[PDB]
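What follows is the content of query-v9.tsv, which has TSV, C-alpha atoms and all ligand atoms:
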```tsv
chain	number	residue	atom	x	y	z
A	39	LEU	CA	0.00	0.00	0.00
A	40	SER	CA	2.61	2.49	1.14
A	41	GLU	CA	4.39	2.04	-2.15
A	42	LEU	CA	1.39	2.65	-4.49
A	43	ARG	CA	1.72	5.83	-6.66
A	44	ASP	CA	-1.59	5.52	-8.57
A	45	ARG	CA	-5.00	6.85	-7.24
A	46	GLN	CA	-7.20	4.05	-8.58
A	47	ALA	CA	-4.75	1.32	-7.35
A	48	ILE	CA	-4.92	2.85	-3.92
A	49	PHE	CA	-8.72	2.88	-3.96
A	50	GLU	CA	-8.94	-0.71	-5.18
A	51	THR	CA	-6.38	-1.87	-2.54
A	52	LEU	CA	-8.29	-0.16	0.27
A	53	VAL	CA	-11.50	-1.74	-0.81
A	54	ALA	CA	-9.96	-5.28	-1.07
A	55	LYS	CA	-8.05	-4.99	2.15
A	56	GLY	CA	-11.09	-3.55	3.93
A	57	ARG	CA	-13.41	-6.41	3.02
A	58	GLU	CA	-10.72	-8.91	3.88
A	59	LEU	CA	-10.09	-7.17	7.19
A	60	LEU	CA	-13.82	-7.16	8.22
A	61	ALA	CA	-15.07	-10.24	6.31
A	62	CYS	CA	-18.14	-8.17	5.51
A	63	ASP	CA	-20.40	-8.17	2.45
A	64	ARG	CA	-19.19	-4.93	0.66
A	65	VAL	CA	-16.50	-2.28	1.08
A	66	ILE	CA	-16.64	0.92	-0.93
A	67	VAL	CA	-14.59	4.13	-1.31
A	68	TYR	CA	-16.74	7.21	-1.76
A	69	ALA	CA	-14.10	9.74	-2.95
A	70	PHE	CA	-14.34	13.59	-3.00
A	71	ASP	CA	-13.26	15.90	-5.79
A	72	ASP	CA	-12.09	19.53	-4.98
A	73	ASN	CA	-15.73	20.66	-4.53
A	74	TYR	CA	-16.40	17.97	-1.92
A	75	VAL	CA	-18.74	16.30	-4.27
A	76	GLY	CA	-18.41	12.56	-3.95
A	77	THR	CA	-18.64	9.47	-6.09
A	78	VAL	CA	-18.24	5.74	-5.50
A	79	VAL	CA	-14.82	5.00	-7.09
A	80	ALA	CA	-14.20	1.38	-5.96
A	81	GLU	CA	-16.05	-1.55	-4.52
A	82	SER	CA	-15.21	-5.03	-3.19
A	83	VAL	CA	-18.33	-7.12	-2.85
A	84	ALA	CA	-19.02	-10.76	-1.80
A	85	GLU	CA	-20.40	-12.93	-4.56
A	86	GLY	CA	-24.08	-12.56	-5.19
A	87	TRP	CA	-24.59	-9.12	-3.56
A	88	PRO	CA	-25.60	-6.02	-5.62
A	89	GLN	CA	-22.75	-3.95	-7.17
A	90	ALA	CA	-22.96	-0.14	-6.76
A	91	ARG	CA	-22.22	0.45	-10.43
A	92	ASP	CA	-25.27	-1.58	-11.46
A	93	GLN	CA	-27.60	0.79	-9.57
A	94	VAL	CA	-28.81	4.33	-10.18
A	95	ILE	CA	-28.64	5.87	-6.78
A	96	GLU	CA	-29.84	9.44	-6.23
A	97	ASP	CA	-27.28	11.75	-4.53
A	98	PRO	CA	-27.87	15.49	-4.24
A	99	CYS	CA	-25.41	17.46	-6.32
A	100	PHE	CA	-24.01	19.54	-3.48
A	101	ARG	CA	-21.88	19.00	-0.44
A	102	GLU	CA	-24.22	17.96	2.40
A	103	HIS	CA	-23.34	18.87	5.89
A	104	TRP	CA	-22.36	15.32	6.94
A	105	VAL	CA	-19.25	15.78	4.75
A	106	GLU	CA	-18.00	18.36	7.24
A	107	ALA	CA	-18.80	16.09	10.18
A	108	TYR	CA	-16.60	13.27	8.66
A	109	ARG	CA	-13.96	15.82	7.82
A	110	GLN	CA	-13.70	16.55	11.59
A	111	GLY	CA	-13.44	12.80	12.32
A	112	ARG	CA	-16.97	11.53	12.85
A	113	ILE	CA	-17.34	7.70	12.47
A	114	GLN	CA	-20.78	6.13	11.88
A	115	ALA	CA	-21.10	2.58	13.17
A	116	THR	CA	-24.68	1.45	12.57
A	117	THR	CA	-25.73	-2.04	13.55
A	118	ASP	CA	-29.04	-1.98	11.60
A	119	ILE	CA	-29.95	0.96	9.37
A	120	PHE	CA	-33.71	0.15	9.82
A	121	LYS	CA	-33.34	0.92	13.53
A	122	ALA	CA	-31.14	3.97	13.27
A	123	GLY	CA	-33.57	6.81	12.47
A	124	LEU	CA	-32.37	7.28	8.88
A	125	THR	CA	-34.31	9.50	6.48
A	126	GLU	CA	-36.46	7.77	3.85
A	127	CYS	CA	-34.26	9.18	1.10
A	128	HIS	CA	-31.14	7.77	2.73
A	129	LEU	CA	-32.76	4.38	3.25
A	130	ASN	CA	-33.66	4.46	-0.42
A	131	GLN	CA	-30.04	4.96	-1.39
A	132	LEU	CA	-28.91	1.82	0.60
A	133	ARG	CA	-31.96	-0.38	-0.16
A	134	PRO	CA	-30.81	-1.40	-3.67
A	135	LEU	CA	-27.53	-2.47	-2.09
A	136	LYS	CA	-29.41	-4.50	0.53
A	137	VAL	CA	-27.55	-2.80	3.41
A	138	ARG	CA	-28.24	-3.75	7.06
A	139	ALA	CA	-25.08	-2.69	8.95
A	140	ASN	CA	-23.24	0.43	7.93
A	141	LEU	CA	-19.70	1.46	9.04
A	142	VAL	CA	-18.41	4.75	7.75
A	143	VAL	CA	-14.89	6.12	8.47
A	144	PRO	CA	-13.19	9.21	7.01
A	145	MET	CA	-10.10	9.02	4.83
A	146	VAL	CA	-8.66	12.29	6.15
A	147	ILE	CA	-5.29	13.91	6.91
A	148	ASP	CA	-5.07	17.28	8.66
A	149	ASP	CA	-8.78	17.99	7.87
A	150	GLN	CA	-8.37	17.27	4.16
A	151	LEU	CA	-11.04	14.64	3.48
A	152	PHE	CA	-10.14	12.46	0.50
A	153	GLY	CA	-13.14	10.20	0.86
A	154	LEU	CA	-15.08	7.85	3.05
A	155	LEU	CA	-14.20	4.21	3.56
A	156	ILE	CA	-17.44	2.33	3.94
A	157	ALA	CA	-18.34	-1.20	5.07
A	158	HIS	CA	-21.71	-2.94	4.70
A	159	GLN	CA	-23.07	-6.08	6.14
A	160	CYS	CA	-26.03	-7.14	3.99
A	161	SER	CA	-26.91	-10.62	5.25
A	162	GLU	CA	-28.04	-9.30	8.60
A	163	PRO	CA	-27.49	-6.61	11.19
A	164	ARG	CA	-23.94	-6.47	12.57
A	165	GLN	CA	-22.58	-4.80	15.63
A	166	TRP	CA	-19.20	-3.28	14.68
A	167	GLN	CA	-16.62	-3.97	17.45
A	168	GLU	CA	-14.22	-1.26	18.72
A	169	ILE	CA	-11.14	-3.14	17.48
A	170	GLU	CA	-12.73	-3.48	13.92
A	171	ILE	CA	-13.55	0.19	13.88
A	172	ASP	CA	-9.93	1.01	14.99
A	173	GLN	CA	-8.39	-1.28	12.36
A	174	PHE	CA	-10.70	-0.08	9.52
A	175	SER	CA	-10.07	3.49	10.30
A	176	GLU	CA	-6.25	2.88	10.47
A	177	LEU	CA	-6.54	1.30	7.00
A	178	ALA	CA	-8.40	4.49	5.81
A	179	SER	CA	-5.69	6.68	7.32
A	180	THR	CA	-2.86	4.74	5.77
A	181	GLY	CA	-4.62	4.98	2.37
A	182	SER	CA	-4.97	8.72	3.00
A	183	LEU	CA	-1.25	9.17	3.67
A	184	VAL	CA	-0.52	7.58	0.28
A	185	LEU	CA	-3.30	9.65	-1.50
A	186	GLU	CA	-1.77	12.77	-0.01
A	187	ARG	CA	1.74	11.70	-1.04
A	188	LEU	CA	0.58	11.64	-4.74
A	189	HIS	CA	0.29	15.46	-4.57
A	190	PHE	CA	3.75	15.95	-3.11
A	191	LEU	CA	5.28	13.70	-5.68
B	32	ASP	CA	-18.10	7.27	17.49
B	33	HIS	CA	-15.15	9.30	16.37
B	34	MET	CA	-11.62	8.92	15.06
B	35	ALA	CA	-9.04	8.55	17.80
B	36	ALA	CA	-7.93	11.85	19.58
B	37	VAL	CA	-4.35	11.27	18.42
B	38	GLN	CA	-3.45	9.45	15.27
B	39	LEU	CA	-0.16	8.25	14.09
B	40	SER	CA	-1.06	9.55	10.61
B	41	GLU	CA	-1.54	13.09	12.00
B	42	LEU	CA	1.85	13.43	13.72
B	43	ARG	CA	4.18	16.10	12.48
B	44	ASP	CA	7.15	15.62	14.77
B	45	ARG	CA	9.88	12.92	14.41
B	46	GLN	CA	10.22	12.06	18.08
B	47	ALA	CA	6.42	11.89	18.50
B	48	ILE	CA	6.31	9.46	15.61
B	49	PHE	CA	8.93	7.20	17.25
B	50	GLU	CA	7.28	7.30	20.66
B	51	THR	CA	3.87	6.39	19.27
B	52	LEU	CA	5.39	3.58	17.13
B	53	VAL	CA	6.94	2.02	20.17
B	54	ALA	CA	3.73	2.43	22.36
B	55	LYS	CA	1.45	1.04	19.65
B	56	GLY	CA	3.90	-1.74	18.76
B	57	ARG	CA	4.14	-2.98	22.37
B	58	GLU	CA	0.36	-2.88	22.75
B	59	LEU	CA	-0.11	-4.72	19.41
B	60	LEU	CA	2.17	-7.59	20.38
B	61	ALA	CA	1.93	-7.49	24.17
B	62	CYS	CA	5.64	-8.15	24.24
B	63	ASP	CA	8.31	-7.00	26.72
B	64	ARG	CA	9.94	-4.19	24.71
B	65	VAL	CA	9.55	-2.34	21.48
B	66	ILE	CA	12.25	-0.04	20.17
B	67	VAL	CA	12.88	2.18	17.19
B	68	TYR	CA	16.46	2.07	15.95
B	69	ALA	CA	16.52	5.13	13.62
B	70	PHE	CA	19.12	5.92	10.96
B	71	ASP	CA	20.62	9.39	10.59
B	72	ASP	CA	21.82	10.82	7.23
B	73	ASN	CA	25.07	8.80	7.47
B	74	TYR	CA	23.35	5.49	8.04
B	75	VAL	CA	24.38	5.50	11.69
B	76	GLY	CA	21.62	3.94	13.81
B	77	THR	CA	20.59	4.95	17.33
B	78	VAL	CA	17.87	3.69	19.73
B	79	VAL	CA	15.59	6.80	19.71
B	80	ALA	CA	12.54	5.35	21.52
B	81	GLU	CA	11.56	2.47	23.72
B	82	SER	CA	8.44	1.16	25.38
B	83	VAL	CA	9.17	-1.53	27.92
B	84	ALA	CA	6.94	-3.61	30.31
B	85	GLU	CA	7.50	-3.01	34.06
B	86	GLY	CA	10.64	-4.58	35.58
B	87	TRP	CA	12.68	-5.14	32.39
B	88	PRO	CA	15.83	-3.16	31.62
B	89	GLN	CA	15.77	0.11	29.71
B	90	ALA	CA	18.10	0.48	26.69
B	91	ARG	CA	19.30	3.92	27.85
B	92	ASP	CA	20.25	2.50	31.25
B	93	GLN	CA	22.89	0.27	29.60
B	94	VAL	CA	26.10	0.61	27.72
B	95	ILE	CA	25.60	-1.35	24.50
B	96	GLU	CA	28.50	-1.62	22.07
B	97	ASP	CA	27.65	-0.77	18.48
B	98	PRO	CA	30.27	-0.30	15.73
B	99	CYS	CA	30.40	3.38	14.81
B	100	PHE	CA	29.97	2.57	11.04
B	101	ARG	CA	27.02	1.28	8.97
B	102	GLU	CA	27.33	-2.55	8.90
B	103	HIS	CA	26.54	-4.78	5.99
B	104	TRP	CA	23.49	-6.27	7.69
B	105	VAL	CA	21.72	-2.91	7.17
B	106	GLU	CA	21.32	-3.53	3.39
B	107	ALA	CA	19.15	-6.63	3.86
B	108	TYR	CA	16.62	-4.49	5.92
B	109	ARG	CA	16.77	-1.66	3.34
B	110	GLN	CA	15.74	-4.31	0.84
B	111	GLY	CA	12.76	-5.46	2.95
B	112	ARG	CA	14.16	-8.31	5.04
B	113	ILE	CA	12.34	-9.24	8.29
B	114	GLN	CA	14.08	-11.19	11.08
B	115	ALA	CA	11.85	-13.24	13.34
B	116	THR	CA	13.82	-15.07	16.01
B	117	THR	CA	12.22	-17.38	18.50
B	118	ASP	CA	15.22	-17.71	20.83
B	119	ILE	CA	18.35	-15.62	20.18
B	120	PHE	CA	20.54	-18.24	21.99
B	121	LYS	CA	19.65	-20.82	19.34
B	122	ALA	CA	19.77	-18.72	16.23
B	123	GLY	CA	23.51	-18.83	15.43
B	124	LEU	CA	24.07	-15.14	16.23
B	125	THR	CA	27.63	-13.92	16.77
B	126	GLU	CA	28.88	-13.54	20.31
B	127	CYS	CA	29.15	-9.76	19.89
B	128	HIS	CA	25.50	-9.58	18.71
B	129	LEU	CA	24.43	-11.76	21.70
B	130	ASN	CA	26.30	-9.36	23.99
B	131	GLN	CA	24.29	-6.45	22.67
B	132	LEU	CA	21.02	-8.22	23.71
B	133	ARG	CA	22.06	-9.88	27.02
B	134	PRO	CA	21.82	-6.67	29.11
B	135	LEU	CA	18.26	-6.21	27.76
B	136	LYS	CA	17.52	-9.85	28.69
B	137	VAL	CA	16.11	-10.53	25.24
B	138	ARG	CA	14.94	-14.07	24.34
B	139	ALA	CA	12.73	-13.50	21.22
B	140	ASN	CA	13.60	-10.92	18.59
B	141	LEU	CA	11.42	-9.49	15.81
B	142	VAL	CA	12.91	-6.85	13.47
B	143	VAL	CA	10.97	-5.12	10.72
B	144	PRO	CA	12.24	-2.33	8.49
B	145	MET	CA	10.75	1.12	8.38
B	146	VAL	CA	11.27	1.62	4.65
B	147	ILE	CA	9.63	3.41	1.71
B	148	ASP	CA	11.06	3.23	-1.84
B	149	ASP	CA	14.55	2.18	-0.75
B	150	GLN	CA	14.72	4.89	1.99
B	151	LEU	CA	15.37	3.00	5.28
B	152	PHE	CA	14.17	5.27	8.15
B	153	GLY	CA	14.87	2.71	10.84
B	154	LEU	CA	14.03	-0.63	12.26
B	155	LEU	CA	11.00	-1.32	14.48
B	156	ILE	CA	12.03	-3.95	16.94
B	157	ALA	CA	10.17	-6.18	19.43
B	158	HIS	CA	11.68	-8.25	22.29
B	159	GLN	CA	10.22	-10.92	24.45
B	160	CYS	CA	12.39	-11.09	27.62
B	161	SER	CA	10.31	-13.38	29.88
B	162	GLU	CA	10.69	-16.46	27.59
B	163	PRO	CA	11.40	-17.56	24.01
B	164	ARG	CA	8.40	-16.78	21.69
B	165	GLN	CA	7.64	-17.79	18.09
B	166	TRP	CA	6.39	-14.75	16.23
B	167	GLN	CA	3.18	-15.52	14.37
B	168	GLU	CA	2.53	-14.53	10.70
B	169	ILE	CA	-0.43	-12.34	11.81
B	170	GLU	CA	1.81	-10.54	14.32
B	171	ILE	CA	4.61	-10.06	11.79
B	172	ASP	CA	2.16	-8.60	9.18
B	173	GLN	CA	0.56	-6.23	11.66
B	174	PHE	CA	3.89	-5.10	13.12
B	175	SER	CA	5.23	-4.55	9.62
B	176	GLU	CA	2.11	-2.54	8.60
B	177	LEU	CA	2.66	-0.31	11.65
B	178	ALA	CA	6.31	0.20	10.60
B	179	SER	CA	5.18	1.15	7.06
B	180	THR	CA	2.57	3.57	8.36
B	181	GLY	CA	5.27	5.21	10.56
B	182	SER	CA	7.49	5.45	7.47
B	183	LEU	CA	4.83	7.24	5.44
B	184	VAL	CA	4.61	9.87	8.23
B	185	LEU	CA	8.42	10.26	8.49
B	186	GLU	CA	8.58	10.69	4.72
B	187	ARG	CA	5.76	13.27	4.82
B	188	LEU	CA	7.76	15.37	7.27
B	189	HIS	CA	10.45	15.84	4.56
B	190	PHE	CA	7.88	17.07	2.08
B	191	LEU	CA	6.21	19.33	4.65
A	201	LIG	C1	-31.44	11.10	-0.83
A	201	LIG	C2	-31.05	10.94	-2.29
A	201	LIG	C3	-30.87	12.37	-0.18
A	201	LIG	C4	-31.45	13.60	-0.05
A	201	LIG	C5	-32.67	14.16	-0.90
A	201	LIG	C6	-30.66	14.37	0.80
A	201	LIG	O1	-30.78	15.59	0.95
A	201	LIG	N1	-29.66	13.65	1.30
A	201	LIG	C7	-30.07	12.30	1.07
A	201	LIG	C8	-30.10	11.19	2.12
A	201	LIG	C9	-28.86	11.17	2.93
A	201	LIG	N2	-27.75	10.45	2.64
A	201	LIG	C10	-26.85	10.57	3.66
A	201	LIG	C11	-25.55	10.00	3.80
A	201	LIG	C12	-24.88	9.54	2.64
A	201	LIG	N3	-25.29	9.61	1.37
A	201	LIG	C13	-24.45	8.98	0.55
A	201	LIG	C14	-24.54	8.92	-0.86
A	201	LIG	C15	-24.32	7.85	-1.75
A	201	LIG	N4	-24.15	7.91	-3.11
A	201	LIG	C16	-23.97	6.64	-3.55
A	201	LIG	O2	-23.75	6.33	-4.72
A	201	LIG	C17	-24.07	5.71	-2.52
A	201	LIG	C18	-24.00	4.15	-2.66
A	201	LIG	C19	-22.85	3.54	-1.71
A	201	LIG	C20	-24.35	6.47	-1.39
A	201	LIG	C21	-24.57	5.88	-0.01
A	201	LIG	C22	-23.35	8.59	1.33
A	201	LIG	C23	-21.99	7.91	0.86
A	201	LIG	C24	-23.62	8.90	2.64
A	201	LIG	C25	-22.67	8.66	3.81
A	201	LIG	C26	-22.57	7.13	4.17
A	201	LIG	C27	-23.86	6.70	4.84
A	201	LIG	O3	-24.23	7.38	5.83
A	201	LIG	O4	-24.53	5.82	4.26
A	201	LIG	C28	-27.43	11.40	4.66
A	201	LIG	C29	-26.83	11.84	6.04
A	201	LIG	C30	-27.13	10.71	7.08
A	201	LIG	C31	-26.58	11.14	8.42
A	201	LIG	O5	-25.35	10.97	8.63
A	201	LIG	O6	-27.32	11.86	9.07
A	201	LIG	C32	-28.69	11.74	4.19
A	201	LIG	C33	-29.71	12.63	4.90
A	202	LIG	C1	28.86	-6.06	18.48
A	202	LIG	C2	29.37	-4.78	19.18
A	202	LIG	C3	29.08	-6.06	16.96
A	202	LIG	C4	30.24	-6.09	16.20
A	202	LIG	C5	31.71	-5.97	16.74
A	202	LIG	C6	29.86	-6.13	14.84
A	202	LIG	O1	30.63	-6.11	13.90
A	202	LIG	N1	28.52	-6.19	14.70
A	202	LIG	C7	28.07	-6.63	16.00
A	202	LIG	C8	27.00	-7.63	16.29
A	202	LIG	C9	25.85	-7.56	15.32
A	202	LIG	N2	24.72	-6.88	15.54
A	202	LIG	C10	23.85	-7.12	14.55
A	202	LIG	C11	22.58	-6.57	14.34
A	202	LIG	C12	22.22	-5.46	15.12
A	202	LIG	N3	22.96	-4.74	16.00
A	202	LIG	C13	22.24	-3.76	16.55
A	202	LIG	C14	22.69	-2.76	17.42
A	202	LIG	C15	22.14	-2.27	18.62
A	202	LIG	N4	22.45	-1.10	19.25
A	202	LIG	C16	21.73	-1.01	20.37
A	202	LIG	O2	21.78	-0.06	21.14
A	202	LIG	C17	20.93	-2.15	20.55
A	202	LIG	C18	19.99	-2.37	21.71
A	202	LIG	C19	18.56	-2.65	21.21
A	202	LIG	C20	21.17	-2.94	19.43
A	202	LIG	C21	20.55	-4.34	19.18
A	202	LIG	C22	20.92	-3.87	16.00
A	202	LIG	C23	19.68	-2.96	16.24
A	202	LIG	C24	20.91	-4.93	15.09
A	202	LIG	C25	19.73	-5.38	14.21
A	202	LIG	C26	18.58	-5.99	15.06
A	202	LIG	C27	18.99	-7.35	15.63
A	202	LIG	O3	19.35	-8.23	14.80
A	202	LIG	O4	19.05	-7.45	16.91
A	202	LIG	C28	24.48	-7.98	13.61
A	202	LIG	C29	23.89	-8.54	12.31
A	202	LIG	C30	23.31	-9.93	12.57
A	202	LIG	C31	22.46	-10.41	11.39
A	202	LIG	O5	21.26	-10.09	11.37
A	202	LIG	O6	23.03	-11.10	10.55
A	202	LIG	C32	25.70	-8.27	14.13
A	202	LIG	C33	26.80	-9.22	13.49
```

Is it possible to express this structure as structure tokens?
Ligand SMILES: *[C@@H](C)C1=C(C)C(=O)N[C@H]1Cc1[nH]c(/C=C2N=C(/C=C3/NC(=O)C(CC)=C3C)C(C)=C\2CCC(=O)O)c(CCC(=O)O)c1C
Ligand SMILES: *[C@@H](C)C1=C(C)C(=O)N[C@H]1Cc1[nH]c(/C=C2N=C(/C=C3/NC(=O)C(CC)=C3C)C(C)=C\2CCC(=O)O)c(CCC(=O)O)c1C
Amino acid sequence: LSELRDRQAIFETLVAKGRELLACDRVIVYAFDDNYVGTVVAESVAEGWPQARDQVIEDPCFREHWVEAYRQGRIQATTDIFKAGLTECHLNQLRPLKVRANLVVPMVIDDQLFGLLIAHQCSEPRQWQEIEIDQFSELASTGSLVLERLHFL
Amino acid sequence: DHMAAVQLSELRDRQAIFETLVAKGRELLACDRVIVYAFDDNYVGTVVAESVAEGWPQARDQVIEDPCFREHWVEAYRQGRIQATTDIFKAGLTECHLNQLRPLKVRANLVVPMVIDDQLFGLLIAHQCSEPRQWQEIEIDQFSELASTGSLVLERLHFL
């Protein structure tokens, strides 16, 4: 990882390592351009589960305020999205992907947010453990160090 | 939930990087000691940080002999070598090398390089002192990932 000098290779590594790390159903990188508008840029998904790129998922074309919360280091660890008080529109974004559990960590260095590293469990609800959250978020941070290095180099 | 209050990836000071490497490494492995042996610009290495379990000797409390020049064994680590030694008294080490570790009461010895693109920042080292100990593949991978993360942050300091 530390040696990668290509954006897409980094994103695909993160996504493979993340799913391996958590043994969950899907890991995704939702990456931000300069306007903090985001797109799904990579996905690792267990066989048989829906792939993001096969769906049309609505996503408002502006930077919503949760972007700033992640930028400051918010982590979302949701055991079951149907019990978490999500908006209907948000549930509708995750429904096609058959999400139950939702773990969202920032890929951020010095308050520059490169993206979000996201895990889903689809088969059933899943309580994310502290040590999984720590390891997944260290993976995000390492990926972020190498994304940032791209600019320097 | 929230990212940790201090992150290795957010450190912007050399010595802080070494001290968090050594704290996190000893917690990861639950071993007796973790050190960083860091290289200066002339490839001279120095123990710059240590985290050690209660009751075991501290590196800085000892006089450990160490040839003033860069030895040949350094190149193997620059190139990515890892040494994982279950019991240093049964590993065919030289007497002089044994005498560097005796004062620290080392039995097991794990050595991973802190290296990016052929720049060797140091070695991250773990000791078990209480008993011999066979380092597991999972431990070696995790310890080595920590070392590489530390190396990314040392490198960044140059750029910054
Ligand atoms: C519904 C289209 C929409 C309206 C209208 C609105 O104003 N905002 C939403 C619902 C909404 N969504 C989130 C959080 C996220 N939205 C994401 C967008 C995506 N685009 C995709 O292609 C995709 C498939 C993986 C998604 C999920 C993302 C990445 C997030 C953050 C991750 C997550 O929380 O799922 C919110 C904020 C929820 C909260 O934190 O309060 C809202 C209101
Ligand atoms: C003994 C003074 C000496 C002579 C003479 C010589 O030519 N080389 C040695 C013995 C020797 N040491 C190593 C490898 C290491 N030596 C280290 C130096 C240290 N300085 C310290 O303060 C200290 C306390 C922690 C140490 C251990 C270190 C860090 C190493 C690498 C890590 C390890 O292997 O313990 C060698 C090379 C042996 C090999 O790997 O083939 C030799 C011959």

All residues within 8 Å of ligand LIG 202 (chain A) are required, counting all atoms listed in the file; please report them as a tab-separated table (two decimals) with C-alpha atoms, keeping the file's coordinate frame.
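Saved as result13.tsv:
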```tsv
chain	number	residue	atom	x	y	z
B	66	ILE	CA	12.25	-0.04	20.17
B	68	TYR	CA	16.46	2.07	15.95
B	76	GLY	CA	21.62	3.94	13.81
B	77	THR	CA	20.59	4.95	17.33
B	78	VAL	CA	17.87	3.69	19.73
B	90	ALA	CA	18.10	0.48	26.69
B	94	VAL	CA	26.10	0.61	27.72
B	95	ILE	CA	25.60	-1.35	24.50
B	96	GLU	CA	28.50	-1.62	22.07
B	97	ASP	CA	27.65	-0.77	18.48
B	98	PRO	CA	30.27	-0.30	15.73
B	102	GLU	CA	27.33	-2.55	8.90
B	103	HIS	CA	26.54	-4.78	5.99
B	104	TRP	CA	23.49	-6.27	7.69
B	105	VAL	CA	21.72	-2.91	7.17
B	114	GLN	CA	14.08	-11.19	11.08
B	124	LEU	CA	24.07	-15.14	16.23
B	125	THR	CA	27.63	-13.92	16.77
B	126	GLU	CA	28.88	-13.54	20.31
B	127	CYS	CA	29.15	-9.76	19.89
B	128	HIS	CA	25.50	-9.58	18.71
B	129	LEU	CA	24.43	-11.76	21.70
B	130	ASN	CA	26.30	-9.36	23.99
B	131	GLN	CA	24.29	-6.45	22.67
B	132	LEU	CA	21.02	-8.22	23.71
B	135	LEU	CA	18.26	-6.21	27.76
B	140	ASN	CA	13.60	-10.92	18.59
B	141	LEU	CA	11.42	-9.49	15.81
B	142	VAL	CA	12.91	-6.85	13.47
B	154	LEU	CA	14.03	-0.63	12.26
B	156	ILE	CA	12.03	-3.95	16.94
```

TODO: Pick out the closest residue to chain A from this set: B:176, B:44, B:32, B:81. Count only C-alpha atoms.
DONE: B:32

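CA of residue 146 (chain B) to CA of residue 183 (chain B) spans 8.6 Å [interatomic distance, one decimal].
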
Open item on the list: Select, as a ChimeraX atom specification, those residues of chain A with any atom no more than 7 Å from chain B (distances computed using all atoms listed in the file).
Closed with: /A:40-41,111-114,147-148,179-180,183,190

- [ ] Counting all atoms listed in the file, name the residues that have an atom within 8 Å of an atom of ligand LIG 201 (chain A); the answer should be given as a count of residues only.
- [x] 31

Task: Among listed residues A:155, A:160, A:116, A:75, nearest residue 173 (chain A) (using only C-alpha atoms) - done: A:155

Task: Distance query residue 49 (chain A) at most 8 Å, only C-alpha atoms, self and fewer than 3 positions along chain excluded, as a PyMOL selection string - done: chain A and resi 45-46+52-53+67+79-80+181

Open item on the list: Quick one: residues within 9 Å of residue 137 (chain B), all atoms listed in the file, excluding same-chain residues fewer than 5 positions away - as a PyMOL selection string?
Closed with: chain B and resi 63-64+118-119+132+158-163

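Of the listed residues (B:62, B:151, B:171, B:37), B:62 comes nearest to residue 139 (chain B); the distances count all atoms listed in the file.
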
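The residue that comes closest to residue 54 (chain A), out of A:108, A:84, A:42, A:72 and on the basis of all atoms listed in the file, is A:84.
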
Open item on the list: I want to know what sits within 12 Å of residue 87 (chain A), based on only C-alpha atoms, with residues of the same chain fewer than 5 positions away left out; could you give that as a PyMOL selection string?
Closed with: chain A and resi 62-65+81-82+92-93+133-137+158-161

Would you output that residue set with C-alpha atoms, as a PDB file, in the coordinates of the input?
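Output below, filename again.pdb:
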```
ATOM      1  CA  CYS A  62     -18.140  -8.170   5.510  1.00  0.00           C
ATOM      2  CA  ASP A  63     -20.400  -8.170   2.450  1.00  0.00           C
ATOM      3  CA  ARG A  64     -19.190  -4.930   0.660  1.00  0.00           C
ATOM      4  CA  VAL A  65     -16.500  -2.280   1.080  1.00  0.00           C
ATOM      5  CA  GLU A  81     -16.050  -1.550  -4.520  1.00  0.00           C
ATOM      6  CA  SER A  82     -15.210  -5.030  -3.190  1.00  0.00           C
ATOM      7  CA  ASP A  92     -25.270  -1.580 -11.460  1.00  0.00           C
ATOM      8  CA  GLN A  93     -27.600   0.790  -9.570  1.00  0.00           C
ATOM      9  CA  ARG A 133     -31.960  -0.380  -0.160  1.00  0.00           C
ATOM     10  CA  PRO A 134     -30.810  -1.400  -3.670  1.00  0.00           C
ATOM     11  CA  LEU A 135     -27.530  -2.470  -2.090  1.00  0.00           C
ATOM     12  CA  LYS A 136     -29.410  -4.500   0.530  1.00  0.00           C
ATOM     13  CA  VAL A 137     -27.550  -2.800   3.410  1.00  0.00           C
ATOM     14  CA  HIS A 158     -21.710  -2.940   4.700  1.00  0.00           C
ATOM     15  CA  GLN A 159     -23.070  -6.080   6.140  1.00  0.00           C
ATOM     16  CA  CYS A 160     -26.030  -7.140   3.990  1.00  0.00           C
ATOM     17  CA  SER A 161     -26.910 -10.620   5.250  1.00  0.00           C
TER      18      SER A 161
END
```

Open item on the list: Can you tell me which residues surround residue 117 (chain A) at a distance of at most 8 Å, considering all atoms listed in the file, apart from same-chain residues fewer than 5 positions away, and format the answer as a PyMOL selection string?
Closed with: chain A and resi 138-140+163-166

Open item on the list: Just to confirm, what's the straight-line distance from CA of residue 56 (chain A) to CA of residue 170 (chain B) in Å (one decimal)?
Closed with: 18.0 Å

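Between residue 121 (chain B) and the residues B:109, B:133, B:43, B:138, the shortest atom-to-atom distance, using all atoms listed in the file, involves B:138.
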
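For the pair CA of residue 69 (chain B) and CA of residue 48 (chain A), the separation is 27.8 Å.
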
TODO: In the coordinate frame of the file, compute which residues have an atom within 10 Å of (3.4, 0.7, 17.8) when using all atoms listed in the file, and state them as JSON, numbers by chain.
DONE: {"B": [39, 48, 49, 50, 51, 52, 53, 54, 55, 56, 57, 58, 59, 60, 65, 66, 67, 82, 155, 156, 157, 173, 174, 175, 176, 177, 178, 180, 181]}
